[PDB]
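Coordinates in review
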Amino acid sequence: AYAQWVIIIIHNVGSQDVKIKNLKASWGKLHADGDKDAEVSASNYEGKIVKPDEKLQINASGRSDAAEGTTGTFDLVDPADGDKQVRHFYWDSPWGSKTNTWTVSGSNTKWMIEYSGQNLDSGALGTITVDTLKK
Amino acid sequence: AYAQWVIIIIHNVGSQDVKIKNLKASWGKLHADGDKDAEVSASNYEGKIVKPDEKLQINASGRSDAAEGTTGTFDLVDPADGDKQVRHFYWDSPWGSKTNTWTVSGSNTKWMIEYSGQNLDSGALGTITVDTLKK
Amino acid sequence: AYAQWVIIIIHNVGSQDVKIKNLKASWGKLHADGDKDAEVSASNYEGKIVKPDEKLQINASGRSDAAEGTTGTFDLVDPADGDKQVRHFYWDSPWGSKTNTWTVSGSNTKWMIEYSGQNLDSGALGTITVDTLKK
Amino acid sequence: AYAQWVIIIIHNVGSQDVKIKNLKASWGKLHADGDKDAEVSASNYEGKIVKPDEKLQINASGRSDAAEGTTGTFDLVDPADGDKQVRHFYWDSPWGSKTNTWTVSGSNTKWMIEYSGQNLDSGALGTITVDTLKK
Amino acid sequence: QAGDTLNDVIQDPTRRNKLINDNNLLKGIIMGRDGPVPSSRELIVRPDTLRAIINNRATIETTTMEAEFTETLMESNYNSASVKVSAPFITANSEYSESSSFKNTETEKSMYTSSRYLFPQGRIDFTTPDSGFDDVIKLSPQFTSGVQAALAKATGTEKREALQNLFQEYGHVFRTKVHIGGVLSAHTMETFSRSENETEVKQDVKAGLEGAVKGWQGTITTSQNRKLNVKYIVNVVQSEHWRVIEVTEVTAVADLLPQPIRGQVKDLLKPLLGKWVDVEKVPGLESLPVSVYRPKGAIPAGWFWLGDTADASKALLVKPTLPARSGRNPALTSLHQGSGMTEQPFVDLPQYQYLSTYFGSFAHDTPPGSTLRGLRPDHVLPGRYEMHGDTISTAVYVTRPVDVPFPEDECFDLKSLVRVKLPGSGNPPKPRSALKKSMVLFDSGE
Amino acid sequence: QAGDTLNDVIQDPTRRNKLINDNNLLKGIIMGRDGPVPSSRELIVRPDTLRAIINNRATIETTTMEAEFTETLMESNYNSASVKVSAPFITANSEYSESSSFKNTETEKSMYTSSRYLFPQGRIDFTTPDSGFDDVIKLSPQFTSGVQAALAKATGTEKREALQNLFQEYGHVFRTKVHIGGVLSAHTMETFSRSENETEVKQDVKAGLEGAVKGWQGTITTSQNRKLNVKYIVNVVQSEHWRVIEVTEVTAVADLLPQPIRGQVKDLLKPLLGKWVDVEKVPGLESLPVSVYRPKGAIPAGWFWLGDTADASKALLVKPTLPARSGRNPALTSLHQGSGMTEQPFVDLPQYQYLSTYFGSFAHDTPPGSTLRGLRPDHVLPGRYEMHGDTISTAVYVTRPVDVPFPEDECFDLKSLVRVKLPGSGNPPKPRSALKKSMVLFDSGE
Ligand SMILES: CCCCCCCC/C=C/CCCCCCCC(=O)N[C@@H](COP(=O)(O)OCC[N+](C)(C)C)[C@H](O)/C=C/CCCCCCCCCCCCC
Ligand SMILES: CCCCCCCC/C=C\CCCCCCCC(=O)N[C@@H](COP(=O)(O)OCC[N+](C)(C)C)[C@H](O)/C=C/CCCCCCCCCCCCC
Ligand SMILES: CCCCCCCC/C=C\CCCCCCCC(=O)N[C@@H](COP(=O)(O)OCC[N+](C)(C)C)[C@H](O)/C=C/CCCCCCCCCCCCC
Ligand SMILES: CCCCCCCC/C=C\CCCCCCCC(=O)N[C@@H](COP(=O)(O)OCC[N+](C)(C)C)[C@H](O)/C=C/CCCCCCCCCCCCC
Ligand SMILES: CCCCCCCC/C=C\CCCCCCCC(=O)N[C@@H](COP(=O)(O)OCC[N+](C)(C)C)[C@H](O)/C=C/CCCCCCCCCCCCC
Ligand SMILES: CCCCCCCC/C=C\CCCCCCCC(=O)N[C@@H](COP(=O)(O)OCC[N+](C)(C)C)[C@H](O)/C=C/CCCCCCCCCCCCC
Ligand SMILES: CCCCCCCC/C=C\CCCCCCCC(=O)N[C@@H](COP(=O)(O)OCC[N+](C)(C)C)[C@H](O)/C=C/CCCCCCCCCCCCC
Ligand SMILES: CCCCCCCC/C=C\CCCCCCCC(=O)N[C@@H](COP(=O)(O)OCC[N+](C)(C)C)[C@H](O)/C=C/CCCCCCCCCCCCC
Ligand SMILES: CCCCCCCC/C=C\CCCCCCCC(=O)N[C@@H](COP(=O)(O)OCC[N+](C)(C)C)[C@H](O)/C=C/CCCCCCCCCCCCC
Ligand SMILES: CCCCCCCC/C=C\CCCCCCCC(=O)N[C@@H](COP(=O)(O)OCC[N+](C)(C)C)[C@H](O)/C=C/CCCCCCCCCCCCC
Ligand SMILES: CCCCCCCC/C=C\CCCCCCCC(=O)N[C@@H](COP(=O)(O)OCC[N+](C)(C)C)[C@H](O)/C=C/CCCCCCCCCCCCC
Ligand SMILES: CC(C)CCC[C@@H](C)[C@H]1CC[C@H]2[C@@H]3CC=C4C[C@@H](O)CC[C@]4(C)[C@H]3CC[C@]12C
Ligand SMILES: CC(C)CCC[C@@H](C)[C@H]1CC[C@H]2[C@@H]3CC=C4C[C@@H](O)CC[C@]4(C)[C@H]3CC[C@]12C
């Protein structure tokens, strides 16, 4: 159902490029901004480079009148050192549960990642803003 | 219902104070960060000064199981100009109607307000970041 | 319904001319000053210039006995730089809803716009005065 | 009814002060700016002084689902001349009648008073701006 | 030595000279930033005797002043005439700040009150040259030589700089009548709305302050519940201790010079040089009831214009005479564009004023707004409006001078134009001023 | 003795010399780290007499100051002009530190207040060479010989070091007008939001402090319930116990020298040597409304730049004149990378400031970051912002100098760039400063 949705904003607050890779929604569908009807394939985002000081928005939502949430994953990867992982993000906004999941796993000491705005109690997963910076 | 919720993050990006006023939750309830059970009073925010570079979070949501959604208002006013109104904000995440609503009105010209992150199609209203600055 | 009415007073408080473009009333009609029976075509306001210190009044209202409010838009445009857009004004006083909409969109720092007098609570949208200043 | 409303903006463009007196809403209710629910007392304006270049808003509107318009009187008087009457204003936005009314009377020859913006045909009485100037 | 009066002091050369020295009777006052402090250089030759009268009646005397920068003068017990004579110098040399508590708006009035509990012994009089008597005071040869050296310089600017230094060193006014004895002074200031009965306010403040000094507490409450801040001064402690308690007359130092030199000194002290030029009608503004005229052609380098005028004949251009220097108030001020929602200018320096509102878009970076200037507060006097037009949105005031009988207060009839209602918001306060005729020097070869 | 005034003290050579010695009237004031302490070496030659005026009005006066490092000057009863003249030296020699109780942010303002209960006896004046009168003060031959020796050294650095030692020994300013008598002083500081009515706060603090001194308690409560910490100073106890109670005028010691030597001394004391170089456009940053320029090529060895600028013509390089030494505030400071979530630099030393935000990633170990420097707080003055851009995310400020009429306070128009919204968090405070013109020496062969 469209009641299960998530917006992931990647904001590069540093001065180095960061890449998005392996973006995949196992449940639900990626869609356009402010338009849950305009489905978009993962190819629109996979391999893209956010570039410093600009934001890239990923919109995911459940299938309409479905009883299905939205579950997906993607890796933020550093291209400056042979495409090495920065972090691995996993989001789950299920239709048949209250506990949403937002896991940022992985390790890279050369990068600092903050995130805010998520809601894990009940309902939708909210608009999560993720500030990335290479130090 | 907790399924209907909103977070409002006022970020004073400028260099002068901005004051909250007339905060009022006509439906649902405010609550503390990350806990919809810990209800809070509007007085916890009324008249608060958001110092420059400071961030202030307001979390609202429906009731624990009631068919109500959430709805509220507040104003941003300029403490340094006799509490002249900067903007008037209205938020509504109904339980019955699918479409949400986030409206910013006002005409103060020596202020710049930019809000982003809202969802208007279906489900919870989401997280809304409101960057404020005084020219 | 004549009950749904709005008056927009463009007041050029600056020293440089401003222009009105793309005036279109999707619902209702444009009528003479204080005489709702005297219909007026949008051509009489399309492309007009408000010289500094002038006032231009646009009166819009619904049809006499119809469940039809009045909705419309126009653009304030700068004729000094090849009719570059200054602002986009949209008004809607509906018969079937109790909330009236008055939105000023667009952005260019070369102009300062200050509007006041609107009514969004109920009834007619009211009389709106818009001061424009090239600065 | 809330559909009947009026906003009287007193604007002292002169040098000497002007005082309000005998403010009285025979019908309907006063209220705060932009909020028809927040009723206000006439004492909040009685005897108030509008300093030069200052603006003072008086909002009136009918009661919620009453079938009542909004009617009232007040007077502008000159504090510097023994509270001599400058003008007497009567406003009326009936619910059961289509024709509104806004009449200003008085024969003070050392003041110039100019009012504009009222709507008299049908619907609300609109926003009325009054400019006062002592010669 | 019991029951000695001023006569005993004067008749004794030792005591007379001690009185002269201890009271700085041979020195002028320098109306500086710190107030009326006496100069450290003797201005007149030491007299052989003093003219004096004896007065031993002790009372309380109250005085009120409505001038702006005369607080310190009141604190020194200067009567009305002395404050009137000394006001120009204090105003020119005062320190300006926009946060001044004194207010003289169109609706609010402010006034200083001073109560002196006096213990007089007499009065001492000096004979000025203008009196025409035989015992005039003679200027010291040092001061005369300094004036001669100042006036002998090559360039007018150098002459004016030398004169300014000389008058900063020797003083601006000379006390011609002084009261000897002891005093206890209490001073305060009060601000009230002009609508209030002025006589009642004056009487209430006077009663409160006189009760304060009589009972001699930094705050005094009057019968009308007015909280007044009171500043106290003690000048009382035997003839050895008598001091000047009141000043009944002061004569400008420049007035003590001989006439042929007095004229030159007075002319060189005028802050501005003036000139009359042709004018051109501003294009547009056909809605207004009267035409608006501005200086025609390019403004000559170094000169300035004061504002828009309704006069169709000529306009006044002014040029400062003294180069700008730190610690000295410039005669003119530059203007800057307002913060927002207004096209009108704002004075860069606090307390300054300009005569007319700008009929257009003001931009200090380009002409003719680059050469528009304000005025120092001592240069202007309030005028009177004449309204033209029949609508609030088009009426304009013409600022005509207030007629006076004495030429000392005559003002220029520039017919400055003010706009009755300025569009937008946040506009500057409307000017109601006219330029003094005594501040402008014409026909000079400069 | 009773009834003796300053005239009697000055007439007697023994009493006059005792007054001169006990008050250190022949010595300059070193504005050092410990405050304005008089020098131990006589600066001027002992006069044969003093110019003095008599004044015995005892009263309470109050003064307020907004400058940051003028606490000690206020505690010494320096008027506004003297504090203004002495501020550069105090600041330069002050001991900077974080956690300073003084606050001068864009939201709140801090000020010092001082109330002096004065029992004066008169005022003593000295004649500066610039005055042009015949009784000028004569610098002692030792000071002139020291200056000559300093200016005769082989290298500019040695000359500057010699001058610095000489001015640390003989003082920085000379008191030209001083009041004699006794004084009880109470001093305090208050911080308050800029939104509050400044006049009301000033009046409340003045009333509280005046009451405190008049009733003469380490803490005071005013009418507005403000808690003030008050420091009390006693300088009152016969002509033998008279002391200096107020300084009305000071003159920089350098100004006392002859003009040909005065110019050289003034030039040699300038902290920084300046240079103009070509600029290059920073790659990238196409989103910003305006282009960003940095000094082109490699910075010459030993020179430093001040930040990114919007000027497309030239950039200003600066070089310190005095080698870094313990106990001396350096003219410039290195910058270090921020703690976290920011690429902006932070000043290494407590109270220094840089003029522009860094547009990129700052690394102090590599160029051009390694050659970026801040400025001592005395080198800069507040500027004004000109805004560019339509959205917060990309808007910038260009820092323009505040136009002033006096050339002494002119600041460079470097067009420093400041990012309106710095990404990330924990960024340094936004700079709004402009470099003073008087602190840079150009065209020197150094
Ligand atoms: C044949 C047998 C029939 C009878 C069996 C009963 C069936 C009911 C089912 C069992 C669920 C019971 C949920 C109760 C949640 C309590 C928490 C809560 O919802 N409480 C308030 C305030 O909650 P709040 O949001 O303010 O948070 C503060 C509270 N908190 C706990 C979080 C601290 C909130 O408004 C109120 C919400 C309304 C919920 C009531 C729904 C029950 C309807 C009864 C129908 C009876 C029909 C009978 C016909 C035959
Ligand atoms: C004659 C035989 C009858 C019995 C057979 C039927 C059995 C029904 C079983 C199961 C259905 C339920 C699946 C789950 C819904 C998944 C879609 C969804 O959860 N739907 C949400 C909203 O969906 P969404 O907003 O995302 O839609 C997109 C938005 N858009 C505007 C674009 C459309 C909307 O709240 C949800 C409402 C569902 C409430 C459940 C009530 C149960 C119905 C019992 C009917 C019994 C009839 C008996 C008569 C004799
Ligand atoms: C006496 C007779 C009484 C019974 C009559 C009742 C008829 C039901 C009425 C109308 C319900 C409206 C259904 C939802 C619309 C489909 C839209 C949609 O949700 N379809 C896909 C979403 O696909 P997607 O979101 O990606 O894009 C969509 C395309 N779009 C371009 C628009 C975006 C999504 O998975 C598919 C969901 C499964 C379909 C649910 C069907 C439930 C109806 C069971 C009726 C049983 C009656 C028999 C009882 C005896
Ligand atoms: C006459 C004919 C006889 C009819 C017999 C009735 C058979 C009913 C149909 C078959 C069951 C259908 C369930 C499987 C749906 C497949 C989608 C899915 O699979 N839905 C999950 C996925 O959603 P999820 O939230 O988990 O996504 C998060 C992803 N993650 C990986 C993290 C889990 C989600 O949970 C769970 C949804 C459960 C909704 C079922 C409600 C139906 C109630 C029936 C009432 C009976 C009335 C009888 C009237 C005659
Ligand atoms: C033959 C008799 C038929 C008539 C029976 C009368 C009942 C009429 C219908 C029911 C009331 C109408 C719903 C209004 C309240 C729902 C509020 C809400 O929206 N409820 C959300 C949860 O709210 P929330 O997430 O905030 O609580 C979480 C808090 N927690 C802390 C625990 C996480 C939760 O998903 C939503 C669930 C959907 C509720 C509809 C279920 C339909 C029932 C069909 C079966 C009827 C019996 C059949 C017998 C044969
Ligand atoms: C023998 C049995 C006879 C009796 C059976 C039925 C009795 C019903 C009794 C009780 C009244 C119920 C009203 C309660 C209002 C709650 C407060 C509110 O008011 N709920 C609004 C929230 O509105 P919203 O969330 O959208 O936003 C807020 C407003 N805002 C302006 C901000 C948008 C929203 O509309 C309301 C929606 C609720 C509709 C549920 C309908 C399903 C349940 C009835 C099915 C019965 C089947 C029975 C078969 C046997
Ligand atoms: C068996 C026979 C049944 C016949 C069916 C009739 C049912 C009606 C249903 C349809 C609703 C019609 C909505 C149309 C809105 C018109 C536009 C408007 O909203 N009109 C406003 C004001 O409009 P306006 O101010 O512009 O007019 C002034 C213009 N003028 C220039 C002249 C001044 C005016 O108040 C508002 C009035 C409220 C509507 C009145 C409803 C009448 C009820 C009759 C019940 C009869 C039951 C009989 C059972 C025995
Ligand atoms: C034997 C009986 C046979 C006769 C029965 C036939 C029933 C009539 C059928 C068809 C009605 C269709 C309306 C036609 C106008 C639609 C134009 C419109 O579209 N009207 C929107 C405009 O409103 P709005 O001002 O808000 O839009 C502008 C703002 N916007 C932002 C939206 C652009 C507004 O909602 C709509 C309101 C409609 C008024 C309600 C009338 C009640 C109808 C029941 C009459 C009952 C009679 C009883 C007899 C026994
Ligand atoms: C056999 C016995 C039967 C007896 C029949 C009794 C009927 C009496 C007749 C009628 C008079 C009663 C109307 C008085 C209106 C005064 C209130 C008002 O004019 N009301 C507005 C103003 O509403 P407002 O916006 O100002 O409220 C604030 C909004 N807020 C959101 C904040 C609440 C509101 O809009 C819209 C009003 C339009 C109402 C249409 C007319 C009523 C329809 C009657 C249907 C009768 C069918 C008869 C079947 C038998
Ligand atoms: C068997 C079927 C029976 C059907 C039941 C029908 C019940 C009616 C339903 C719903 C009405 C909805 C009113 C809500 C008002 C809101 C408060 C208000 O309108 N109150 C005042 C103004 O108060 P105020 O201006 O100060 O605003 C309030 C401020 N607040 C902060 C609180 C919002 C204002 O005049 C009041 C006007 C009265 C209008 C209602 C009249 C109802 C008449 C029914 C008669 C039924 C007889 C037959 C029964 C068998
Ligand atoms: C078998 C059972 C049948 C029961 C039937 C009983 C009906 C109840 C009787 C009558 C109530 C009368 C309300 C009292 C006035 C309200 C307050 C007021 O005062 N209403 C004025 C306000 O007008 P206004 O706003 O313009 O005043 C401002 C300007 N002014 C200068 C004048 C002050 C305005 O005029 C008056 C308008 C008239 C109201 C029309 C609605 C009446 C509906 C009749 C339904 C009949 C159904 C018949 C079914 C068989
Ligand atoms: C006994 C039966 C046949 C009587 C039927 C009377 C019907 C036709 C009457 C009763 C009330 C009337 C309505 C009352 C008010 C208005 C509002 C006006 O702006 C348009 C006409 C309209 C909408 C009327 C249409 C006709 C109407 C519906
Ligand atoms: C056959 C008998 C019962 C008469 C039926 C009359 C019906 C069809 C009449 C009565 C009132 C009428 C409505 C009155 C007013 C309006 C508003 C207008 O903007 C559109 C038409 C509309 C919505 C009318 C449609 C037709 C209508 C509903």
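Analysis parameters
Residues numbered from 1 in each chain as written, not as in the entry; some residues may be left out. Chains lettered and ligands numbered in written order. Heavy atoms only, no water. Helix = DSSP H or I, 4+ residues; strand = E, 2+ residues; numbered from the N terminus. Buried < 20%, exposed > 50% of the residue type's maximum accessible area, 1.4 Å probe, protein only. Contact = heavy atoms within 4.5 Å. Near = heavy atom within 4 Å. Polar contact = N/O pair within 3.5 Å; in protein donor to acceptor, adjacent residues only side chain to side chain. Areas by Shrake-Rupley, 256 points an atom, 1.4 Å probe, with all protein chains shown as cover. Nonpolar A, V, L, I, M, F, W, Y, C, P; charged D, E, K, R; others polar. Buried area = accessible area lost by both parts, 1.4 Å probe. Salt bridge = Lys/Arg side-chain N within 4 Å of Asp/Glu carboxyl O. Pairing = 2+ DSSP bridges. Core = buried A, V, L, I, M, F, W, Y, C linked by side-chain atoms within 4.5 Å.

The record names cryo-EM as the way this model was obtained, at a resolution of 2.91 Å.

Moving on, we get to the overall build of chain A. Secondary structure summary: chain A contains zero helices and 10 strands in total. In chain A, the order of α-helices and β-strands from amino to carboxyl end is β-β-β-β-β-β-β-β-β-β. Judged by the C-alpha coordinates and their principal axes, chain A covers about 45 × 30 × 20 Å. Counting over 135 residues, chain A shows a buried share of 50%. The long-range share in chain A, meaning contacts at least 24 apart out of those at least 6 apart in sequence, stands at 63%.

Moving on: the site of ligand 8. All names here are of chain C. Looking at ligand 8, the residues that line it are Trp27, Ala67, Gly69, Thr71, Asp92, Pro94, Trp95 and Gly96. Between ligand 8 and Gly69, the relevant distance is 3.0 Å, taken from an oxygen atom to a main-chain nitrogen or oxygen of the residue. The backbone of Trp95 places a nitrogen or oxygen atom 2.9 Å from an oxygen atom of ligand 8. Protein contacts shield 27% of the accessible area of ligand 8, which totals 1100 Å² for the unbound molecule. Its residues assigned to classes, the shell around ligand 8 shows four nonpolar, three polar and one charged.

Residue and element names in this part refer to chain F. With respect to the helices, strands and loops of the structure, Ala67 is situated in the loop between β4 (58-65) and α3 (71-75). Exposure remark for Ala67: the relative accessible area of 29% places this residue in the partly exposed category. Considered as a pair, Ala67 and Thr91 are 24 residues apart in the sequence and their alpha carbons are 9.9 Å apart. Ignoring anything within four residues of it in the chain, the contact list for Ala67 reads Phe102 and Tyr112.

The next point concerns the interface of chain E and chain F. How big an interface is tends to be reported as the loss of accessible area on association of its parts. Across the boundary between the two partners, chain E contributes 36 residues, which contact 31 residues of chain F. Summed over both partners, the interface of chain E with chain F buries about 2600 Å², with 43% contributed by carbon and sulfur atoms. Our enumeration of links across chain E and chain F arrives at four salt bridges. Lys231 of chain E is the salt-bridge partner of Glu61 of chain F, the closest N and O atoms lying 2.9 Å from each other. Across the contact surface, chain E and chain F share 17 residue pairs in polar contact. Listed by contribution, the elements that provide at least two residues to the side of chain E that touches chain F are α2 (13-22), β2 (35-38), α6 (156-170) and β9 (231-235) of chain E. Of the residues forming the side of chain E that touches chain F, the biggest block, five residues, is contributed by β9 of chain E. Across the side of chain E that touches chain F, the residue classes tally to eight nonpolar, 15 polar and 13 charged. By the bridge criterion, two bridges tie β9 of chain E to β4 of chain F in an arrangement that is antiparallel.

Attention shifts here to the nonpolar core. One finds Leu43, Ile124, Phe143 and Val265 of chain F to be the most contacted residues of the largest nonpolar core, which totals 37 residues. Those elements giving two or more residues to this core turn out to be α1 (6-11), α2 (13-23), β3 (51-54), α5 (141-151), α6 (156-170), β6 (173-193) and α8 (259-268) of chain F. Here the element with the most residues in this core is α6 of chain F; it accounts for five residues. Excluding anything up to four places from it in sequence, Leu43 of chain F contacts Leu26, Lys27, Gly28, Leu139, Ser140, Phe143, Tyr170, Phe174, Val253 and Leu256 of chain F. One finds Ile20, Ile44 and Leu163 of chain E together with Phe133 of chain F within the second-largest nonpolar core, a separate group that totals 36 residues.

A separate point is the site of ligand 1. All names here are of chain B. What surrounds ligand 1 is the set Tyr2, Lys29, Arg63, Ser64, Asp65 and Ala66. Note that an oxygen atom of ligand 1 is positioned 2.7 Å from one of the side-chain N or O atoms of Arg63. Taking 1100 Å² as the accessible area of ligand 1 by itself, protein coverage stands at 23%. Residue composition of the shell around ligand 1, by class: two nonpolar, one polar and three charged.

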